[PDB]
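Colleague: Right, I'll just put the structure down here and ask away after.
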Number of protein chains: 2
Amino acid sequence: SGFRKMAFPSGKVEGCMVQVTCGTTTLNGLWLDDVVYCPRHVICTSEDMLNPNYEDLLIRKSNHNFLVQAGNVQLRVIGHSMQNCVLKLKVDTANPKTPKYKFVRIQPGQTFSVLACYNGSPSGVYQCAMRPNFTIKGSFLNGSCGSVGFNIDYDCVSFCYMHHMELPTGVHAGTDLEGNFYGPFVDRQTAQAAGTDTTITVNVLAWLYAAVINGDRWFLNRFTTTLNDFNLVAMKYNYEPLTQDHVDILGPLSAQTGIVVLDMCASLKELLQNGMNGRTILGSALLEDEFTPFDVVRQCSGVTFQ
Amino acid sequence: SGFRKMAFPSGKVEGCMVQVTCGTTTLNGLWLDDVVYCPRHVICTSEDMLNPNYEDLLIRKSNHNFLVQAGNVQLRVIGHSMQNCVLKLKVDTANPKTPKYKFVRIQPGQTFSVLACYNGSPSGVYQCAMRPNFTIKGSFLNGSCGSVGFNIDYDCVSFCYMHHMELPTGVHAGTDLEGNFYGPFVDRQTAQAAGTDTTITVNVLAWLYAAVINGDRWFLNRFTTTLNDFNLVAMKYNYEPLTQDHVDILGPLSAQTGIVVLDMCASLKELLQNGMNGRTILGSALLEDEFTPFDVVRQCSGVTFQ
């Protein structure tokens, strides 16, 4: 019993993190087999980041300008290439600690764990969510670029995110491991508008189910609602519209707790309209939206990995 | 920038977790050199846990009743012994993945990371704090006993906690790795009163400093206070009394932000007396007390390990 914002065991990913240095810029890279992945702005200086011609900047470099550090191992660089916004450095040694992995482009509202790294050394591990506006609300100090987000399914690591940028608003943007940014952001130091961020409604509902499972009882009322009627209250408070697909996502949690999904929607409607009156739900005074329904089922069942 | 409840990289500890089976009970053990550490109630059945004579139960066992599983490695057990509330199983093979480690008895208000495990397989990683009443508010489903809490200082793992028990109130109790319980709890299935839990005042203040560092501005007022006058408001709201030692703990954070510690105390006094008016502080609508001042300095400086 009890419910925590729990991140994946980062051991599999710790063994892949390296240090990539190009000229006078040092960030993190990811070492999978004989390829190192890292943000392409490692080739930029501070002045370059305002309007960088990444192609032109890359011709000025050859393989021997990239110094890759895995602890104290020297990786020789035998080839380099740009794929969208990431660099792929061919190294002559396959990583002996490479786990089975996938590259996955995640959808908004999904969650993943972040291994914050600096100079190739792991610092901390925390969970976050891909906000509906494709940003993430993490902790990324100077030198954290190249840190990766991931999920684990038993023995396989699913890499979904690599950090690139701190927006001038304080939120964080990055790419998948094919180099494509999530959202409209570009690896350039300019004004970048982040769209309106809505609350992930299906995640809040799943977190309400985890509270009922763990004894938080007080917010279930005697009301019910319809999909279109709850969706009316949704846009009022900038919540994501609930679809039938979201209802079926919550199917298993509805089965165990015996509370119909639309009845849980009525409890959410009353929480949005009436506030929380100073009470808490799983140690929280807000409505939490960083738990996917798959996250709730995992913690409430003891699913492990390896 | 940004501030997260961040746990240590659990790779060093993942390589020490094993599965310990005695009769029909299966929990987790910790494999350091040629010794496996695990809770002593692995030798109990469900009926035994109400009034177990652990000594008498241990004579009925010999070395070949303990089946230790590290992934698919079979560890032979060549000796067993009780130290307080933990079992020490001598195995004939030293763990090749043993990091440098210490056993540490932590003080209340300190924080550590928890690697939740089931049947010897890591499930998740999260940070928590030793509450002033020596409980912890974690997530421990059935089969999580033996999971350990730890801190990392560069290359050395400081083991401080191993989980033993879920109280009938839903909170969690356990021991240090010498087998001594934190608090008055006993590995027995009975009514166990948990004392009044106060809020860790020095941790809330340090979390207020991290908010100022990261732009949360609104709660700093034009008031100041004294130690005894703030301590008056402390016991009203069940906060820990602040001592001069706590003030000096916050010294470095007072130096960087330029806000005197007692001025931050005045801001806390106004937050306790006036509520929060519906605003947030680092994405939180309550006053967070699970961040030690050493935790704040780490995240705000980029301290890494290995």
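Here chain B follows Swiss-Prot for its numbers: 3264-3569, in order, are the residues you see.
Header says: X-ray crystallography, 2.0 Å.
Every residue, even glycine, has its Cβ placed from backbone N, Cα and C.
Positions annotated as active site, for 3CL-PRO activity by Swiss-Prot: B:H3304. Sequence annotations record features per position, and here Swiss-Prot assigns active site, nucleophile to B:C3408 based on experimental evidence. Per Swiss-Prot, ubiquitin cross-link is recorded for B:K3268, B:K3353.
Could you place the listed features in the three-dimensional structure?
Modeller: Classification of B:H3304 (active site, for 3CL-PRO activity) by DSSP places it within a helix.
Within the same chain, the residues at least 6 positions away from B:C3408 (active site, nucleophile) whose Cβ sits under 8 Å from its Cβ are B:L3290, B:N3291, B:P3302, B:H3304, B:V3305, B:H3426, B:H3427, B:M3428, listed in sequence order.
Look at B:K3268 (ubiquitin cross-link): DSSP puts it in coil.
The Cβ neighbour count for B:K3353 (ubiquitin cross-link), using a 10 Å radius and every protein chain shown, is 15.
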Colleague: Among the recorded positions B:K3268, B:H3304, B:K3353, B:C3408, state which ones have a Cβ less than 8 Å from a Cβ of chain A, giving them in sequence order; state 'none' otherwise.
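Modeller: Listed in sequence order, the recorded positions near chain A are B:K3268.
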Colleague: Give me the CA-CA distance between B:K3268 (ubiquitin cross-link) and B:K3353 (ubiquitin cross-link), in Å, as a whole number.
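Modeller: Rounded to the nearest whole number, the Cα-Cα distance is 37 Å.
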Colleague: Which Cβ among the recorded positions (B:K3268, B:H3304) has the fewest C-beta neighbours inside 10 Å?
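Modeller: Selected from the recorded positions B:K3268, B:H3304 on minimum Cβ neighbours within 10 Å: B:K3268.
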